[PDB]
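Chains, contacts and geometry: an overview
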Amino acid sequence: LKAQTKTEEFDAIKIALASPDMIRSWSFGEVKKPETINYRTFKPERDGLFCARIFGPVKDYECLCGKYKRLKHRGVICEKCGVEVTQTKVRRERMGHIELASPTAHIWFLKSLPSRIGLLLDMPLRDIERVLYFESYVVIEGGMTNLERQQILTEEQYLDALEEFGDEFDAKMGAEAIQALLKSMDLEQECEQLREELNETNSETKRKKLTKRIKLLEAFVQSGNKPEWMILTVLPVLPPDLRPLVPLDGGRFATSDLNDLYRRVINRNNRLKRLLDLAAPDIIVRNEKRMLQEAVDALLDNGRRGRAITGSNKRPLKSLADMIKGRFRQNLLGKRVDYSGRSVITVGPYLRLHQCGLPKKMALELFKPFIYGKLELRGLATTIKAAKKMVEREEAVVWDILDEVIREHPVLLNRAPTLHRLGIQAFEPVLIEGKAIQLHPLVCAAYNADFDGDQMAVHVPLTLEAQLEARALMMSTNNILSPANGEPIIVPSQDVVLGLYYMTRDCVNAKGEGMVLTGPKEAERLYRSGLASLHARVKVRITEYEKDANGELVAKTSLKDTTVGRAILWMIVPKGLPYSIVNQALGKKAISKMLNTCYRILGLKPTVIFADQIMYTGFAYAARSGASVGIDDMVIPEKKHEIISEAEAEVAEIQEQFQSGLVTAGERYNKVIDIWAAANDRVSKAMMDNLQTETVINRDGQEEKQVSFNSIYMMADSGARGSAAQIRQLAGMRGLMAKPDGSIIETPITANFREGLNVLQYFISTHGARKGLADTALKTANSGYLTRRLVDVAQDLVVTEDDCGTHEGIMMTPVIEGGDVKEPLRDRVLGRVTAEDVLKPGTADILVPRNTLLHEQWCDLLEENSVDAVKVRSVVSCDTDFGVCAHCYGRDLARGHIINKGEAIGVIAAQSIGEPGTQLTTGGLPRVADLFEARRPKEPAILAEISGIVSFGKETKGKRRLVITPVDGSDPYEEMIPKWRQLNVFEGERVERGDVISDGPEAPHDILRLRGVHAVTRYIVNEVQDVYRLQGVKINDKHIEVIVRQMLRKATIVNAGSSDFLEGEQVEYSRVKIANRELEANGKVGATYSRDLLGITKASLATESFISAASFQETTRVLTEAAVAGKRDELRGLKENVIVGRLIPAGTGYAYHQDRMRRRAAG
Amino acid sequence: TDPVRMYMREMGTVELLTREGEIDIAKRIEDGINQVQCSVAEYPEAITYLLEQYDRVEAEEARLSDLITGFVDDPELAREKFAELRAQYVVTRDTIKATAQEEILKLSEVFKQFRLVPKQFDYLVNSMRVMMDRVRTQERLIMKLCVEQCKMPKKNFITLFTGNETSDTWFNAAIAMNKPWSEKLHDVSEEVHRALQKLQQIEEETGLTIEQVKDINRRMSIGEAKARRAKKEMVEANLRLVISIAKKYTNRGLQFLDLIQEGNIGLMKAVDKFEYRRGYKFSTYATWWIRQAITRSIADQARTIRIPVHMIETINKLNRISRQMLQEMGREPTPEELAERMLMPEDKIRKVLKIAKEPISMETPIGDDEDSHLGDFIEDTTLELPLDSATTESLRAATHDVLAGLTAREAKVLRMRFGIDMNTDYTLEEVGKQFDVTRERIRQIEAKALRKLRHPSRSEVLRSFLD
Ligand SMILES: Nc1ncnc2c1ncn2[C@@H]1OC(COP(=O)(O)OP(=O)(O)O)=C(OP(=O)(O)OP(=O)(O)O)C1=O
Ligand SMILES: [Mg+2]
Ligand SMILES: [Zn+2]
Ligand SMILES: [Zn+2]
């Protein structure tokens, strides 16, 4: 096989220092003049910052002088001006360089927080600078005299030390010195010193810093970089079109600020080159050198000195470093895209689930290149030039052609805050008149789209893949379940659930009461003819199906006891569902679980076509219902004024007690709030008693009352719109308000919205409203910063291996919070795969065997027996190094089957957590951050460190020591405990390691250390879920568990035999190497470690790929600290593969990277 | 830190000169330059080369400006004054028969009058020291071949070397000494005796034994350094003067220290051209040399688009006029009002006024909510739009199909007349030489091919590329 020279498909990216020899390879000339363009002719002065000899021709294939203008001449250098005739594009590629007179320090390696030039020398920054500005000499290889190597001298001292040792002793000042220091420095020799020093002196103050430095040093030898190279002899210049000098209208010019920065460096360098041939006094050339140092620094990274200002303008100049940022996460803010558009969105309830209304005009412009081709592919246009003039003329036939290109061609729709993956969904386009985008009403819930002015954007899948990706992955009908909780995200929303609740309803005596109907068909015939009422108790012969056979629909026919409305709805329910699913009252509650069961029983397609029919019929009968809302619909209880006066009486007595000194002011305010709080609860469930049932009606007899049919009640009872907390503010009094500082005002708002509020009440209602808009505005921000921190710790996590093969898993129970089951077992365990065989109340009997995916049948076979706990494989335990086995993860998706290889569960975990983040409230959304950031609480409890009988030692010295004493092992553990914090440990009781020695909150860091990995992962999920489960948010523990896996990504070594002693590193890398040690290598020299809990942002900080880190971390430090290591980025990951524009190593691209990672490191 | 401080602090240590100390330095400056001038006058090659270059001036191979700028106290005087130098050289050359030292005194006299161009002065200075590199070149080869290679101490090698440094008295006569360092010099005998040719040759070109070759350019070194040492000494005393002057031209578009450095170069020139005998205060004489270099620099490197000085004074005319015209009117001048008050072609004001505006920071924040910068909005006009490049790939296949609908030699004559699928287009005569029958014959092949394509059957495709 031949090697290669030119250009094939690159893998990996290496970064390093640039030798001055390296820097001249890129340059195609030295810039020697500060000139830009000429000033009359706007041509570029030769040997200037803009130049045709150095960089490239101004216009395509035209020499600068003009003797060679023809496109024939290409690889030709004009004999006058050193210009080859190629495209003007090379003025965008070709770089230059400048030969510096005096050496110049690279600001980044001198000044990025840990000074590389500093600790590579073990020299302080206030000293290096003092040597760099010529204030004091430094010795270099001082030899056997009176002075050390890194010793620093002054003017007078150097003179006194020169008269004693003339030669055999060398001391310089300025950049030439620091260059010599790094040059004369030997890395391997200093390595051998740091290795003998580590072993000779045993001291934690000695060998804690010793190890910290040496890892960079020998990384530098191995890096290949040379220490002299942090001193710049050659400064490369950026191609001009990347800092251009384009003209504007009116003949005014604009240019990148670099040109002021590059010009200055050249001028001061040229002036310095002069000051040497003028043999100037050192006092001047020193000042010039200092300015050249300053000029270069303001070019590379302005801001780390005195911040030079731009010409005539107060603003500072944007340095090269700022070309890269422009503060944090500045390369991934977004990019504008061809084949796209947006407009206002409106309804369109006629739509099938998999389609969307696209304007005649938008679809025209968007598919323009498809129309052009499809036009002359059929011959309706001679050539493309006329094809344009056709669709410009909008001839009638281009419309009929547009349908042809549009048909099997999905489009993407995106709404503003893209929270989870459902924010972009692919639909099939329906050509519509008007300028509005028509959106299917069921997919509204996913997008969080109202129709109050919200807009959506559109995108065209161009390539064949993207069309199939949009069709098979992003399609509306392929994502009907939320990936945060296997429940349907395509629920009927409001307008529709009112319709079905109105249908599946019954009133006491209605037209048709008691007749018997052959089937559902004659039941719709009875209603559309005005004979039977939609709600009348009525027996109808129905047939239902049940697939209780081995995959076969058993039929059963009976006279079920239902109503006329529920009869007609049965005509929609598909095949194998029980008639019981519609026999009830069908609110939004019951109407979604109806939809769920259809998916779990009949499958995807029959569920999609179901949801459509539920919406069509829901809209229709909701519109037939004539449901409205008038002023008399908000029924105030007749007993309201009574309740008010009564609590108004109690407070007058609590006041009576306060006057006489019987009760305190703090008690009064507290006791008065309680009787008002009670009165609001009393008015509340007074109006709801009246409102709900007072419809007293009559059937053949006297009286009988039922659930009301009043408009505003049905809206709430069904679940369409409205909530009992809100209704209470309309009829009953509306709450107690909070005055600004946080107190709740002791006289509540007695009035409501059906009455008026007065000046004082409304004025007090204001603060709650404004702090409401602010709180909900801010908690929309905090969420968005959470999902960032969350994908930054995940992102690269992909379902890679099939089955890691483990029995390790967390023991799953119902949460049972104090009172009763705050979360069943069936929910926590459904969709997960069992770790080992589960047994009946009696054994010998496997009920589900080993790793089976516990779905709805298994969960019932579990719920039939009395199984109260199931060990479940979890992501935090998946033994796959670099990723997650498909088994240990679970099943969940917008589809119902076990996760497929390659899906990027890292992202979709993080998304599912931060998407509901808006709706939370210590507690609240920061309480989530506190957990995921692993933040230690202020006043923690201490846990029992080691097992054994405990006792107290010494006395009060600010710290009261505790001495534990194990039965067998060593007992030297003594902990200094501040004894002004009340303790809970029994002072003569044997304490188990991990028990309460004091009370109060606990640090997760302990939990992981003492009680284990399985305990901390349990502590997080149950504690964050308490935040979500309190707000009524369903997030599967799965997603929190993948975040936790990233939190304990790292470990710290305890024993050795191979690598370091204390370093922190990935269990993936460590476990991969002590598994490499149980055989091969040594018999088992393997090291032990200890899992380390990191907060998400601390865990995200540790990324191998520096391109990923230069995205969100501080770009200077990442680039410097990586360039000194000569670090290689192998790509491999997600973030970077986006930055460089290639296939993601997941999804459809997962097959590509798997075929690539194997050809690599092979032949 | 910040260089302004440490420069201010560095030169603040330098002490102001007394009104007497100014003369002490200008005297030491006098000595050093005069010392080298006496050493330049003692060099025979410096006399012959100055005569070499004047035999070039009388043969019209140069001008009198290219060699001299005047003597002590133009074509008339130069021809006879050069004969005086020629006369004084040719009498000295022949009296070496030792006692010549009385007449070599006069050769320096007539040579110390010549004020050459600074270009030529440096060359002769370069000629002398490069001639000393030639002397030392053979000096260090004999040292490395005797001491390092043949193991010979340096105490006995330089003994008979002083006063000689050319012959074999130190080489082939010191091998017969039977010393422990003697018999070993035979190994390199073949290597040293052949390289001695370039050494004793310098005694011929320069006409001086190697002894004299150092003696002269050593006093020239002593004198040359003596001047600069004093010249540097003068500059530092006035670094405050440059500061105070540069403090005036501050915000004109150039950094502060950039000014006090360019002024510091004006102060450097002032020390060179200063003549203390004219009694004018060195401070006031440097004021013009310092204020020159500042303002002469602002003209060059204060602009991104560099403009000539006559433009900068043209510009100020408009600004000073538009300060008057502005208030003097109450509105302000139209581009054709100061056109009259300017002697300029008065339409040039517009063209002048265009380029006077410095270019605009492309990183100017434009003021949006996305903090959009100006440069983010300047579109690429050099680019060919894909909806066009698409048709270019189509106009290709169009003309290729239409050209296969011609007679075979009509393609090769059409694709030759236009640039199609060939390098360059061909003059119809050049096409004629390719095709035997030439000239008018080809013009009809050209016309008839466009004629077959112009009838609406082959045109139907091509015509739709016109709009
Ligand atoms: N992906 C999107 N999904 C939904 N809506 C979007 C999307 N992008 C923009 N908008 C709306 O378009 C403008 C802002 O556009 P942009 O931020 O300035 O960017 P670009 O100038 O490049 O268009 C606002 O709408 P409005 O101006 O009507 O006011 P609003 O923000 O209160 O709705 C945005 O909602
Ligand atoms: Mg809205
Ligand atoms: Zn040219
Ligand atoms: Zn696993």
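Rules and cut-offs
Residues numbered from 1 in each chain as written, not as in the entry; some residues may be left out. Chains lettered and ligands numbered in written order. Part of a larger assembly, values for the part shown. Heavy atoms only, no water. Residues with missing side-chain atoms left out of burial classes, pairs and counts. Helix = DSSP H or I, 4+ residues; strand = E, 2+ residues; numbered from the N terminus. Rg over C-alpha atoms; globule rule 2.2 N^0.38 Å. Core = buried A, V, L, I, M, F, W, Y, C linked by side-chain atoms within 4.5 Å. Buried < 20%, exposed > 50% of the residue type's maximum accessible area, 1.4 Å probe, protein only. UniProt positions renumbered as here; feature names shortened; annotations may be inferred. Donors = N, O, S within 2.8 Å, 3.2 Å for Na, K, Ca; no water. Tetrahedral: all angles 85-135°; square planar, octahedral: opposite > 155°, others 65-115°. Near = heavy atom within 4 Å. Polar contact = N/O pair within 3.5 Å; in protein donor to acceptor, adjacent residues only side chain to side chain. Nonpolar A, V, L, I, M, F, W, Y, C, P; charged D, E, K, R; others polar. Salt bridge = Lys/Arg side-chain N within 4 Å of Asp/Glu carboxyl O. Arc of directions from axis to C-beta. Contact = heavy atoms within 4.5 Å. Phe/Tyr/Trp six-rings, centres within 6.5 Å; stacked < 30°, edge-to-face > 60°. Buried area = accessible area lost by both parts, 1.4 Å probe. Pairing = 2+ DSSP bridges.

Let's talk about the overall build of chain B
- A count of helices and strands for chain B gives 21 helices and three strands.
- Its C-alpha radius of gyration of 39 Å places chain B more than 25% over the 23 Å reference for a compact globule of 467 residues.
- Seen through its C-alpha atoms, chain B measures out along the principal axes to roughly 110 × 80 × 60 Å.

Quick look at the nonpolar core
- Within the largest apolar cluster, 95 residues are counted, with the highest numbers of intra-cluster contacts made by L413(A) and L439(A).
- With 77 residues, the next largest nonpolar core counts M230(A), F1106(A), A1123(A) and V1124(A) among its residues.

So, the UniProt feature "DNA-binding region" in chain B
- Feature annotation in UniProt places "DNA-binding region" on residues 428-447 of chain B, given in this structure's numbering.
- Taken as a whole, residues 428-447 of chain B contains 75% helix and 0% strand, while its terminal C-alpha atoms sit 12 Å from one another.

Re the coordination of the zinc ion (ligand 4)
Residue and element names in this part refer to chain A.
- Donor atoms from the polypeptide that bind the zinc ion (ligand 4) are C804 (SG), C878 (SG), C885 (SG) and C888 (SG), placed at 2.3 Å.
- In this structure, the zinc ion (ligand 4) is surrounded by four donor atoms whose angles at the metal cover 77 to 158°, and the resulting shape is irregular.
- Owing to a relative accessible area of 14%, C804 belongs among the buried residues under this scheme.

Things to note about the site of ligand 1
Residues and elements named next belong to chain A.
- Within the structure, ligand 1 sits among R336, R342, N414, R415, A416 and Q455.
- Within the contact set of ligand 1, a nitrogen atom lies 3.3 Å away from a side-chain nitrogen or oxygen of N414.
- At 3.3 Å from an oxygen atom of ligand 1 is found a side-chain nitrogen or oxygen belonging to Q455.
- A breakdown of the residues in the shell around ligand 1 according to their chemical character gives one nonpolar, two polar and three charged.

Concerning the coordination of the magnesium ion (ligand 2)
Residue and element names in this part refer to chain A.
- Each protein donor to the magnesium ion (ligand 2) is listed here as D450 (OD), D452 (OD), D452 (OD), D454 (OD) and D454 (OD); together their distances run 2.3 to 2.5 Å.
- All donor residues of the magnesium ion (ligand 2) come from one chain, and their arrangement in sequence is D-x1-D-x1-D.
- For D454, a relative accessible area of 13% gives the class buried.

Details of the pattern of salt bridges
- Under the definition given, this model contains 104 salt bridges over all chains.
- Measuring nitrogen to oxygen at the nearest pair gives 2.7 Å for the salt bridge that ties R94(A) to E84(A). Note that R94(A) is positioned in the loop between β2 (27-30) and β3 (95-105) and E84(A) in the loop between β2 and β3, a separation of 10 residues in sequence.
- Each member of the salt-bridge network shares a partner with another, and the members are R268(A), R271(A), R274(A), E288(A), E294(A), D258(B) and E262(B).

Here we look at helix α14 (residues 384-393) of chain A
- Turning to α14(A), its buried residues are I384(A), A386(A), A387(A), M390(A) and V391(A). Down the axis of α14(A), the sector holding all buried residues measures 150°, keeping them to one side. Exposed residues lying more than 90 degrees from the buried face of α14(A) are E392(A) and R393(A).
- Looking at the buried positions of α14(A), the neighbouring elements they touch are α12 (360-366), α13 (368-378) and α15 (396-406) of chain A together with α17 (386-403) of chain B.
- Positive backbone phi, at 50°, marks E394(A), one or two positions downstream of α14(A).

Some thoughts on the UniProt feature "binding site: Zn(2+) 2" in chain A
All names here are of chain A.
- Residues given the UniProt feature "binding site: Zn(2+) 2" here are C804, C878, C885 and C888. The greatest C-alpha distance among the annotated residues, which extend across 85 residues, is 7.7 Å, indicating that they converge on a single site.
- Secondary-structure assignment places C885 in the loop between β23 (870-872) and α30 (886-889).
- On the accessibility criterion, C885 (0% relative accessible area) is buried.
- With respect to the helices and strands, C888 occurs in helix α30.
- For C888, a relative accessible area of 0% puts it in the buried group.
- When neighbours within four sequence positions are excluded, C888 is seen to be in contact with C804, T806, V833, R873, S874, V875 and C878.

Some thoughts on the packing of aromatic side chains
All names here are of chain B.
- Under the criterion given, the structure shown has 21 aromatic pairs over all chains.
- Where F71 meets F82, the ring centres are 6.3 Å apart and the plane angle is 75°; that geometry is what we call edge-to-face.
- For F71, a relative accessible area of 9% puts it in the buried group.
- For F82, a relative accessible area of 2% puts it in the buried group.

Some remarks on unusual backbone geometry
Residue and element names in this part refer to chain B.
- Within the chain, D73 stands out as a residue other than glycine whose phi angle is a positive 55°.
- Along the polypeptide, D73 turns up in the loop between β1 (68-70) and α4 (75-94).
- Although it is not a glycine, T424 sits at a positive phi angle of roughly 55°.
- Owing to a relative accessible area of 24%, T424 belongs among the partly exposed residues under this scheme.

Description of the interface of chain B and chain A
- At the junction of the two partners, chain B supplies 58 residues and chain A supplies 58 residues.
- Together chain B and chain A conceal approximately 5,200 Å² of surface at their shared face, both sides included; 59% is due to carbon and sulfur atoms.
- Along the contact surface separating chain B from chain A lie seven salt bridges.
- In this structure, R274(A) and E262(B) form a salt bridge, with 3.3 Å as the shortest nitrogen-oxygen distance.
- The tally of links from chain B across to chain A stands at 18 residue pairs in polar contact.
- Mapped by element, the contributors of at least two residues to the side of chain B that touches chain A are α1 (3-12), α10 (210-237), α12 (256-272), α14 (309-329), α16 (348-356), β3 (360-361), α17 and α21 (459-462) of chain B.
- Among the elements that make up the side of chain B that touches chain A, the one with the highest residue count is α12(B) (seven residues).
- Sheet analysis places strand β8 (residues 254-255) of chain A next to β3(B), joined by two bridges and oriented parallel. The residue of β3(B) that forms the bridge with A254(A) is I360(B).

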